[PDB]
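Coming up, as structure tokens: structure 1 and structure 2, two forms of one and the same protein chain.
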Structure 1
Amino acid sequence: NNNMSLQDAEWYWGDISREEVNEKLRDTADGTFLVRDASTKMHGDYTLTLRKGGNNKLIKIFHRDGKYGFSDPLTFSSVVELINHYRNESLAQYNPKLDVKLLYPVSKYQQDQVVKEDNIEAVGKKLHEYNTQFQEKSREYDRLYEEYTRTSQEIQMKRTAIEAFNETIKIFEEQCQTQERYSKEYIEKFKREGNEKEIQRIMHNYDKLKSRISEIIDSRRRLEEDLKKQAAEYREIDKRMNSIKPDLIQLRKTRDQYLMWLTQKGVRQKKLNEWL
């Protein structure tokens, strides 16, 4: 009741690497904790990972003379008794600055009730079919990302082209003001004398500037419309990836959960490796 073997404890997880511990405590509430074997692998260490203040603490359960504890006085019969003492009380007694009541242990049994088809045959088919779903979904996501990155580059060079078009149009526009102002003092002299050749050439080529400048504006106009069309598709490509990412993550975790479940139950992965 109060004190059974540490093996049959919902919070004890055995031997899990610190990489696995962090992912289980990630984005969890304050007070969540789980016991596990120490990194050194020496018998009787039982590091107690704790989550307080957004940080994942780490407290080692020292062992000496068949007794366990945190400080040098090991006044506890076993790990279960020691943890249970702090499950109903805060750790301020152990450390003045450490305030937590070890509320929410990460029970290993809860994840158990997520897998069905306890028989080997059914799990083999589900995991194999899930890998096809996970692999197909991942491939589809991979295709979108390359399109998303590719489309990002295309729009960037479209923005620069429009930026350059502003400079070119500005030069022609500015020169028109300068050209018109320049043709102000000699225009009267041309009108005074009957020289039609100068008028035709001045007007003929002056319109050429208008024609050339008009073409520049039209060319820029098409680019802006193309940029708008390209930009809209850029968001649509982004929309698909945003809605595919959450589904891919869930499939990957569920697929991994089945894979570990099969291996843990005394099954060599060589048979599963060919199953894929």
Structure 2
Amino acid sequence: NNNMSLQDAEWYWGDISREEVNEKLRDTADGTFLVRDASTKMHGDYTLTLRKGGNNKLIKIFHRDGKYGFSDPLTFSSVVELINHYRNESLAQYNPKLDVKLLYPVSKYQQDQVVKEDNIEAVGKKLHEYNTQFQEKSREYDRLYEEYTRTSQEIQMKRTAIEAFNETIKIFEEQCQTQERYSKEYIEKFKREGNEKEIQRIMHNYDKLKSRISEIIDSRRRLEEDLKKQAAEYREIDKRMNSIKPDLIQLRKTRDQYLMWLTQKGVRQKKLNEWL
């Protein structure tokens, strides 16, 4: 009675693509498996897909003259028997380097039931609820990703300008230290003998330097305050994108599971592109 039909097994999936099985074994415990039809689309081939060691192993099931199995001594009556022989004995009996059992079958009726109410009057409305809420999120997500890269490029322009002030201020201050020690103890004091040279030539010059030196330090400080404010709004736009991104994987999964259990299976309906 454990040898039921292969078409009613929970771990058998028919013809699904290789890239659609990679979305079902992604980050699962070593021992998860399912069976599907071989990629050639000749019937009676039945590739097994096993999760082991972080990878997805891919094992072929051969079909000599009404027998099944892995190697050339085919000694099983059917696929459902072969799968059950290894849900209790490890696969090391086939390949010693493949020491694992078939533990956690990826069932078809565990997650397909995630959708409910197989009416067509119901799921059409539940598809309309999700297709509106889903694409309203993407209009709120990809807007933030637009404001995010623009705020990133304006942070980087400001930080380069701050380095331009730091190099500019660094040459004035070295220019006032040569004004005095290079010139204002050995030419000013030496020839101070009742001159009109002091108050205009040296003093009036050096006092318009310091007026110019500090005017540079007041534009640096005004820019440094708009960078602190600009780097704070850049972390608030990165918090909001981290709380919208999780909500928007859940909607796509709860929304796509409707399109492939009522509108394509319960009824062959060309209204799905008309529902939406």
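Here, a residue number simply tells you its place in the sequence of structure 1, counted from 1. Between two forms, the rigid core is defined as the largest C-alpha subset superposing within 1.5 Å. Shifts are known only where both forms have a C-alpha.
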Considering only 198, 140, 154, 81, single out the residue whose C-alpha is displaced by at least 2 Å between structures 1 and 2 after superposing the rigid core. 198
Rigid core superposed, CA of residue 188 - does it shift 2 Å or more between structures 1 and 2? yes
Taking the rigid core as the frame, does residue 267 move its C-alpha by 2 Å or more between structures 1 and 2? yes
I need the CA movement of residue 177 between structures 1 and 2 once the rigid core is aligned, reported in Å. 1.6
Core-superposed C-alpha displacement of residue 60 between structures 1 and 2, in angstrom, equals 0.8
Core overlaid, residue 112 C-alpha shift between structures 1 and 2, how many Å? 2.1
The moving segments between structures 1 and 2, taken as three or more consecutive common residues whose Cα atoms each shift by 2 angstroms or more on the rigid core, are 183 to 192, 196 to 201, 262 to 264, 266 to 270
